[PDB]
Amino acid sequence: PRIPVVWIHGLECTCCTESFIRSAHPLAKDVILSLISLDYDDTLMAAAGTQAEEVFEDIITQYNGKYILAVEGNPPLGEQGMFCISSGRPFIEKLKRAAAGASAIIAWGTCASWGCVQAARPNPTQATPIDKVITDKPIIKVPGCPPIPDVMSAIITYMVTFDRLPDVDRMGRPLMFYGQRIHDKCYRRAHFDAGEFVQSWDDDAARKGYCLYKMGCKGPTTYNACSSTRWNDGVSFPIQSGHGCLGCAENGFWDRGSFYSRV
């Protein structure tokens, strides 16, 4: 038997599910067919409505204490929770029921970890990260908007293979991928050290791959794996394609000033 997994969605854009399906190794196909039992997932499952409600209830009952809960998105506390409605009731009710039976929770993305765009000023819905609502369960934060595909799949394979949760930092992020800053492993650091900066888009510096610090790069304050693991089967990352890091793996990055203002 494969380990049961329940994947639920609060307020979210679905970037985290989309990132997951981009995994190159293992393919998401192979994760679903061979590594886990993805037993509930609104984006992909056949059942709808009452049939989907039956799946949810059956799984969390049969596998009480034994399933992993993956959470994408977050609960809004405004309007009695009815900014996010599932089966006619506040999403937070579904979150709390799913959490109660879980052995552990994976908070995918900056939404579930910290709040992400809906929690940016002035947070109209009172969107709230998972760990401020669920306070009696192990929560692994895997931040990023979205996290890197092959990071998501590596964390999953670690847990399956090694039968344990990843070691985490003081914020609940896996040390393996979040222990160092973007700027600690950035291939443009030679230029940063030399004072060789892009000053305006498409200037001569930009065409030579100079450092993006003066264009607002938030790599110096951001912990993630983008500058080493890279994105989309190692093809690129934001800085390699010419835009500074936005800071998207960090709590509150939307409200830390303009993306084009220097750290």
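So that there is no doubt, residue numbering starts at 1 and follows the sequence shown.
Two stretches are in play, 64-72 and 215-223, and the higher mean C-alpha B-factor belongs to 64-72. 142-150 and 125-133 differ in mean CA B-factor, and the higher of the two is recorded for 125-133. Among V117, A100, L175, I105, the highest C-alpha B-factor recorded in the PDB entry belongs to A100. Each of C186, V160, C84, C111 has a CA temperature factor in the record; the biggest one is found at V160.
Per the deposited record, the Cα B-factor of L77 falls in the highest third when ranked against the other modelled residues of its chain.
In the deposited entry, the Cα temperature factor of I156 sits in the middle third of values across the chain's modelled residues. In this PDB entry, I182 carries a Cα temperature factor that places it within the lowest third of its chain's modelled residues.
For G209, the recorded CA B-factor ranks within the middle third of the chain. Only modelled residues enter the ranking. In the PDB entry, a CA B factor belonging to the highest third of its chain's modelled residues is recorded for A24.
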